[PDB]
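What follows is a single structure, written as structure tokens, with notes after it.
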Amino acid sequence: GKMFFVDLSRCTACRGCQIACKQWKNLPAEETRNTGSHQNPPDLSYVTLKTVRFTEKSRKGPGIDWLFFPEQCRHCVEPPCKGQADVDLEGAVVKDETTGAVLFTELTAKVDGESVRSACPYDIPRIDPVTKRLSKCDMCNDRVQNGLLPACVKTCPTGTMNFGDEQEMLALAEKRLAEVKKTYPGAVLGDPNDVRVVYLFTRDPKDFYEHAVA
Amino acid sequence: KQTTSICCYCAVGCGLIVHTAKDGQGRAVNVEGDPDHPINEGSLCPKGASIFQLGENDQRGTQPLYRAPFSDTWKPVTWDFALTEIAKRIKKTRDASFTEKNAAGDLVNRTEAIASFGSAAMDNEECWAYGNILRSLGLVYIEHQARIXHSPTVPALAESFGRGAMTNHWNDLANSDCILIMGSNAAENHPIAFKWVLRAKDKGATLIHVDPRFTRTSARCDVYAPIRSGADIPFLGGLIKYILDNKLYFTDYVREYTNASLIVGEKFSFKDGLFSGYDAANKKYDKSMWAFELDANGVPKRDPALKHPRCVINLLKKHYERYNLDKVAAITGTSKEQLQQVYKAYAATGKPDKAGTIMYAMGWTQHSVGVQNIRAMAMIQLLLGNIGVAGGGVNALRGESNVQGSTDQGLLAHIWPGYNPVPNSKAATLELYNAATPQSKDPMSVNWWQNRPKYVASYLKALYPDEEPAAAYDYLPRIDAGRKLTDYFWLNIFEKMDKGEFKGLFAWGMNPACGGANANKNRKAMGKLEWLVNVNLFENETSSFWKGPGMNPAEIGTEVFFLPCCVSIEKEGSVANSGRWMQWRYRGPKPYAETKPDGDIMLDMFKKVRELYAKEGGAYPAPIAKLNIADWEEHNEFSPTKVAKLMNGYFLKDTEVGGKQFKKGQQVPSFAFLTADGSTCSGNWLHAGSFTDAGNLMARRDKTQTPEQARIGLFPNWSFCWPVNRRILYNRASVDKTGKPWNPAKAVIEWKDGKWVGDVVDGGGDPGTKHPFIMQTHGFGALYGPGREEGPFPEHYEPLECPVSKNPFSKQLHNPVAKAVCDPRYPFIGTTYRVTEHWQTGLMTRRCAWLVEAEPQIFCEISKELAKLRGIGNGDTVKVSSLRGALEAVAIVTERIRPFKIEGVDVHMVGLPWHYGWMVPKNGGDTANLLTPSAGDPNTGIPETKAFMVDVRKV
Ligand SMILES: Nc1nc2c(c(=O)[nH]1)N[C@H]1C(S)=C(S)[C@@H](COP(=O)(O)OP(=O)(O)OC[C@H]3O[C@@H](n4cnc5c(=O)[nH]c(N)nc54)[C@H](O)[C@@H]3O)O[C@H]1N2
Ligand SMILES: Nc1nc2c(c(=O)[nH]1)N[C@H]1C(S)=C(S)[C@@H](COP(=O)(O)OP(=O)(O)OC[C@H]3O[C@@H](n4cnc5c(=O)[nH]c(N)nc54)[C@H](O)[C@@H]3O)O[C@H]1N2
Ligand code: SF4
Ligand code: SF4
Ligand code: SF4
Ligand code: SF4
Ligand SMILES: [Cl-]
Ligand SMILES: [Cl-]
Ligand SMILES: [Cl-]
Ligand SMILES: [Cl-]
Ligand SMILES: [Cl-]
Ligand SMILES: [S]
Ligand SMILES: [W+6]
């Protein structure tokens with residue numbers, strides 16, 4: 001199916017992607033406050049399928065290493081979330097075989113949402129406290145089927161966000177890694193054989209986020 | 001259905017697609033990027049990406065609102081009532097205040113009792129119409145955004161190259177080999193620009209950010225060089241010395257296309273931080289002392305061997321010899337190591353086959369030597385051969401979507417449209433007005449401003465087509481010759497308002513209750529107005545100043561009219577971006593509720609004034625009654641198309657000009673075919689060529705490029721840029737005297753088979769026959785710039801007052817041609833800046849829940865060193881205070897801010913966003929302009945918002 005290649009070496013933390021996700025799905029805004037960071041919402045939630053995580057790492061001399069991580073569902077090739085939900089109710093979590101999207105339906109309201117969230121090695125699923133439905137990034141599966149890029153991919157001004165067929169995207173990831181590795185010797189791909197959202201990190205992925213990789 | 005638009009935020013000019021329900025008649029249902037637009041290719045930053053939420057917003061105004069004197073509430077009223085009552089206020093105030101002759105007996109025909117602020121947010125056709133309405137009413141106090149961020153610097157580019165504008169354009173950044181971003185946070189403030197910056201990097205460019213702070217820009221550059229506030233001129237002066245010492249200048253370019261070879265007259269000198277001609281009584285220079293040595297024809301003498309001791313280039317070498325790496329490293333706070341690395345990487349672009357560009361926006365150029373900061377950038381670029389070339393230029397990044405256009409349309413007190421000056425009281429006739437143009441005796445100097453009479457006559461014909469230009473000239477108001485020009489500008493408007501000297505203010509598409517420095521003073525000043533007209537999208541801190549913090553509505557007598565305007569995607573018209581691309585956009589959804597496009601609001605207001613004059617008489621009615629608004633109207637509404645056609649201009653009689661025959665009624669094809677004899681009208685000579693007999697060139701969405709155009713991304717058939725579609729200004733400097741490019745792989749123009757191919761040539765003529773800077777009196781890129789008030793060469797004068805007592809370059813500490821208290825209770829250098837997610841005062845973006853979600857509250861950015869001193873931890877609530885006011889913010893403790901060492905003492909910087917205001921959201925915080933001084937600048941008359949003294953204390 002399809003794959004995202006996310007070149008974090010080009011991210012300006014503009015948060016176009018974060019906003020474009022909400023504009024396309026007409027998602028509500030959260031109540032947020034500043035608690036000493038640009039990062040907000042602080043976490044994914046039932047109404048936030050993507051947030052840009054900001055981490056400052058000290059470096060000797062002027063400036064810092066400012067790490068940006070636009071988090072989303074990895075659309076796992078063999079998704080653990082689905083293994084858990086299926087025990088309660090097939091149809092809560094389904095795989096779109098055209099795109100590779102892992103999709104939550106309204107039937108997630110009838111499964112053990114806590115267990116589904118715990119099964120995810122990237123800690124992605126989020127529960128609505130009211131309806132008990134689960135939400136996360138759906139890959140903009142309906143745009144993709146209709147020949148459009150995901151909202152967060154089309155909006156990205158920097159070339160961070162890339163989307164296409166898995167062969168094309170894995171070839172781009174390999175080529176781009178070699179190139180970026182020049183400037184960022186610790187650069188690596190995130191779990192490139194297990195997921196459909198392949199991040200290029202500029203250093204230890206766990207510096208970007210504790211669940212950046214499995 | 002589906003329509004195209006152009007983002008309503010920053011001057012990148014990204015394209016949008018808008019989907020509207022009910023086959024294009026209902027509400028917007030989606031707004032996203034235009035995948036076919038050549039600048040953004042469908043990408044949008046969070047501001048563009050949330051335009052849907054801006055338009056489809058239940059907090060927008062729905063209809064006009066009236067606040068009675070001493071009332072604590074709004075009353076909803078009809079448009080017909082609101083505009084009739086406003087017309088009556090305008091007529092009463094104009095009739096009472098109109099002065100035919102000034103105290104000296106000179107004709108001025110003005111009212112000084114009404115001021116107007118705004119706006120770069122309006123369409124170009126709306127900006128042009130607005131200025132003409134206000135001037136037809138006799139106004140002279142007409143200002144907007146451009147005074148604050150662009151006016152302090154644009155004379156630097158006019159002095160250096162002959163025009164005030166960004167020299168290249170956004171896509172052109174991708175052709176650069178070295179990008180110096182200095183006085184700009186482009187990744188946050190011009191985000192789509194980083195598409196092209198990072199594409200330059202992909203092709204091997206070095207990206208350098210010179211900034212007091214580490215920002216989202218810095219995160220993506222190769223080199224981050226910290227600089228202490230106000231130390232830019234030292235930094236740039238050091239780069240000039242480095243280039244000269246290391247022989248890295250592009251010799252043939254410097255010799256031929258700059259004024260390097262010109263001989264400066266014997267009266268020029270510099271000693272002890274003072275040029276020759278200094279008047280110490282009035283604190284100004286006699287610039288005639290800076291004249292070149294003229295020959296028997298009145299033309300500057302030249303020594304192309306660059307041997308004469310008074311050659312510009314030899315004077316320049318001598319001037320900059322003080323700017324050694326040790327002194328520069330000591331004042332900038334940039335390590336000698338990092339300075340060398342930046343200088344080496346940037347100076348490497350002096351090679352003919354390399355280009356470097358400099359990007360600046362507002363940064364800290366507001367102060368009295370900001371002009372000289374930019375002058376230094378222009379000079380570095382001329383030494384390296386980077387002016388006129390692909391990937392080169394001085395990319396002076398414009399702020400608002402249409403600030404380029406609002407300035408072009410003369411929404412500033414000193415200019416009519418097209419940069420023709422507002423006449424002063426001694427310009428008694430049109431003939432006297434026209435007498436003022438400097439001439440050249442140099443056959444190779446085009447000196448294009450000699451055509452100004454054609455543009456002034458054609459402008460008068462657009463406004464008053466049935467009147468002879470000499471007669472129409474008497475309809476427009478004049479400023480006093482005897483007064484300082486800054487008396488008519490932004491800061492002095494506030495000062496006058498606080499002294500009770502204005503009866504009325506239009507706050508048209510601005511929020512000065514948050515945008516003006518020293519908000520406490522300005523909010524109280526607004527209570528001295530009799531009447532205030534606010535035209536905006538939402539109720540705001542300006543509309544509602546009378547119920548603001550600490551205000552008692554029962555004590556404020558000001559009448560307020562709030563007129564709700566429609567968002568960008570609800571109207572048609574053009575906006576001119578930073579690269580001068582005049583881009584057409586369409587209506588998607590119908591105007592929300594009873595909101596109206598500005599053009600409809602102003603035209604209806606003016607028509608009601610005209611009706612009052614027709615019924616009652618009053619002061620000097622002719623300018624109002626005879627104004628040609630019929631050319632502006634279709635369907636009983638404002639017509640963007642018809643106003644754009646008039647701004648281009650058309651023939652008012654059969655005309656032979658430029659060796660062609662034109663018929664009465666045809667569009668003027670370019671400003672080359674304007675006349676001074678009443679045969680042509682043109683609302684704005686810069687627009688002549690934008691809307692021809694071929695149609696609306698601004699509305700072209702054509703990516704057709706020749707191979708030469710495509711290689712550098714000119715996109716000449718995508719919209720239209722002034723002047724006459726020259727995408728890269730000064731492009732004759734990009735070739736040798738045979739017309740061959742310095743860099744054929746990235747040619748801008750090239751002489752092939754008897755014609756210039758590529759860009760439209762900036763100045764017609766065979767190769768080697770014309771000097772490349774056609775708007776300069778003498779035709780050269782000016783390394784020595786004797787029109788600047790502070791001197792012909794940039795020189796460090798401390799823009800900081802409080803922490804500096806000594807200047808290491810001379811005995812002159814501060815600008816010798818320019819009352820900070822420096823109270824030790826406020827020991828920190830406060831500064832204000834933007835984040836990616838919010839817009840300006842935040843009037844717009846504080847209404848958009850997705851942007852609030854990301855950046856919900858005012859914050860205060862401080863170093864670990866300042867946090868340690870004050871006992872502040874990350875996320876603590878702090879009180880930031882100054883002599884002018886105080887506010888609360890959330891502390892962000894970050895290594896992205898570091899202390900400055902200034903004269904052996906650590907001096908701490910406190911960063912605040914200026915995007916917050918008391919109206920919305922709940923718990924958002926108030927404007928950082930509570931803190932900022934209004935004292936203002938002697939030279940620029942420009943406020944201080946980038947370095948002002950504060951305290952920060954834990955709450
Ligand atoms: N997201 C967003 N974009 C905007 C706007 C907005 O409100 N939000 N406003 C628009 C407008 S109207 C304008 S005019 C432009 C202005 O655009 P910018 O000039 O880029 O805006 P700022 O962030 O105010 O300042 C730029 C940088 O100048 C740095 N600086 C401060 N003092 C100095 C100094 O002494 N020297 C140097 N070299 N740098 C210094 C600051 O640290 C800051 O990072 O942005 C436009 N774009
Ligand atoms: N401390 C501090 N102060 C600053 C600055 C700073 O860096 N620091 N920046 C300065 C600069 S560079 C600028 S440009 C000014 C900006 O100051 P202002 O222009 O007063 O700021 P806003 O009103 O927030 O600017 C956007 C306005 O455009 C309006 N608008 C949008 N579309 C339309 C439309 O179609 N018609 C009309 N009529 N209105 C419309 C919005 O409603 C809003 O009022 O602030 C200046 N003030
Ligand atoms: S990232 Fe988690 S929620 Fe998404 S497909 Fe994989 S297991 Fe499921
Ligand atoms: S793919 Fe679609 S749903 Fe997933 S983060 Fe991007 S915009 Fe949101
Ligand atoms: S839109 Fe692109 S550059 Fe901006 S935060 Fe998202 S991934 Fe990074
Ligand atoms: S704010 Fe500027 S960069 Fe962002 S989408 Fe609008 S025009 Fe483009
Ligand atoms: Cl609808
Ligand atoms: Cl009433
Ligand atoms: Cl008329
Ligand atoms: Cl095309
Ligand atoms: Cl003050
Ligand atoms: S601006
Ligand atoms: W601005």
Side-chain angles (χ1 to χ4, degrees), chain A residues 16-29 140 142-143 146 148-152 154-155, chain B residues 1-10 13-37 40 42-63 121-123 126 401-402 509 536-538 564-575 583-600 637 640 699 701 837 839 843-853:
Chain A
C17 50
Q18 180 179 311
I19 276 58
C21 183
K22 302 219 162 195
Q23 193 281 153
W24 178 245
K25 288 191 164 34
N26 291 85
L27 284 168
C140 286
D142 284 335
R143 283 174 74 87
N146 304 336
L148 297 174
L149 293 176
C152 60
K154 177 179 175 183
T155 208
Chain B
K1 61 156 26 57
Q2 188 187 313
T3 57
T4 57
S5 187
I6 299 296
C7 182
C8 58
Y9 291 122
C10 89
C14 304
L16 310 176
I17 56 181
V18 176
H19 281 91
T20 297
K22 288 156 55 175
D23 296 325
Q25 294 304 107
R27 300 313 320 154
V29 297
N30 195 72
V31 176
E32 63 186 64
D34 179 355
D36 292 316
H37 198 291
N40 62 307
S43 66
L44 295 174
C45 79
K47 296 191 300 304
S50 58
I51 285 165
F52 169 80
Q53 180 169 69
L54 176 78
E56 301 304 324
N57 191 311
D58 67 13
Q59 296 175 71
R60 285 175 61 185
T62 59
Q63 70 174 113
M122 284 186 286
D123 292 350
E126 292 173 334
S401 55
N402 193 39
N536 225 317
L537 291 176
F538 305 89
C565 63
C566 70
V567 290
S568 52
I569 63 164
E570 290 168 4
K571 55 198 205 163
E572 181 175 37
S574 64
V575 286
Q583 301 192 85
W584 201 262
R585 64 186 182 196
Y586 300 92
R587 165 163 304 170
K590 62 177 186 297
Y592 172 66
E594 311 306 312
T595 69
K596 290 187 180 295
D598 298 280
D600 285 338
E637 295 154 41
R701 291 176 45 84
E837 297 82 4
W839 185 246
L843 191 161
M844 295 173 75
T845 56
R846 290 179 279 113
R847 296 287 189 181
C848 301
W850 297 324
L851 299 183
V852 172
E853 171 178 65

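A, B, ... follow the sequence lines: proteins, then strands. Residue 1 opens every chain. All values below were derived from every heavy atom in this structure, side-chain atoms included, with hydrogens, water molecules and symmetry-related copies excluded.
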If we check side-chain contact (heavy atoms from CB on, under 4.5 Å) with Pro589(B), which of these qualifies: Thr20(B), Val29(B), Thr3(B)? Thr20(B)

Does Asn146(A) CG have over 12 foreign heavy atoms under 6.0 Å away? yes

CD/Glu637(B): more than 12 non-hydrogen atoms of other groups inside 6.0 Å: yes

Please list, chain by chain and in numerical order, all residues satisfying side-chain contact (heavy atoms from CB on, under 4.5 Å) with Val567(B), sequence neighbours excluded. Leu54(B), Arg60(B), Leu537(B), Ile569(B), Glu570(B)

Side-chain donor/acceptor of [X] to backbone N/O of [Y], under 3.5 Å:
X: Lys22(A); Y: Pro28(A); result: yes
X: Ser401(B); Y: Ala121(B); result: no
X: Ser50(B); Y: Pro46(B); result: yes
X: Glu126(B); Y: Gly599(B); result: yes
X: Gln2(B); Y: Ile17(B); result: no
X: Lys154(A); Y: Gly33(B); result: yes
X: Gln23(A); Y: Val31(B); result: yes
X: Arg585(B); Y: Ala699(B); result: no

Nearest atoms (heavy-atom pairs only) where [X] meets [Y]:
X: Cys140(A); Y: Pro150(A); result: CB-CA, 3.8 Å
X: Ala49(B); Y: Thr155(A); result: CB-OG1, 4.1 Å
X: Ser574(B); Y: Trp584(B); result: CB-CE3, 3.7 Å

Applying side chain to side chain contact (heavy atoms under 4.5 Å, CB included), run through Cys8(B) and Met844(B) and close with a yes or a no. CA-CA 10 Å; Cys8(B) 58; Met844(B) 295 173 75; 4.1 Å; yes

For the pair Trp839(B) and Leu851(B), evaluate side chain to side chain contact (heavy atoms under 4.5 Å, CB included) and give the outcome as yes or no after the intermediate values. CA-CA 10 Å; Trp839(B) 185 246; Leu851(B) 299 183; over 6 Å; no

What distance do [X] atom [atom1] and [Y] atom [atom2] have between them, rounded to the nearest 0.5 Å?
X: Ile6(B); Y: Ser568(B); atom1: CD1; atom2: OG; answer: 10.0 Å
X: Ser43(B); Y: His37(B); atom1: OG; atom2: NE2; answer: 10.5 Å
X: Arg847(B); Y: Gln53(B); atom1: CZ; atom2: CD; answer: 12.5 Å
X: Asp34(B); Y: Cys7(B); atom1: CG; atom2: SG; answer: 12.5 Å
X: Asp142(A); Y: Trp24(A); atom1: CG; atom2: CH2; answer: 8.5 Å
X: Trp850(B); Y: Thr845(B); atom1: CH2; atom2: OG1; answer: 14.0 Å

So does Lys571(B) pair up with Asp600(B), basic N to acidic O under 4.0 Å? no

Within a strict 4.5 Å, meaning less than it, do heavy atoms of the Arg587(B) and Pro597(B) side chains meet? yes

Test log, rule side chain to side chain contact (heavy atoms under 4.5 Å, CB included), inputs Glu56(B) and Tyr592(B): CA-CA 8 Å; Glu56(B) 301 304 324; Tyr592(B) 172 66; 5.5 Å; no

Step by step, work out the side chain to side chain contact (heavy atoms under 4.5 Å, CB included) result for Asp598(B) and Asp123(B). CA-CA 8 Å; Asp598(B) 298 280; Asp123(B) 292 350; over 6 Å; no

Please list, chain by chain and in numerical order, all residues satisfying ring pair (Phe, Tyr, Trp, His ring centres under 6.0 Å) with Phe52(B), sequence neighbours excluded. none

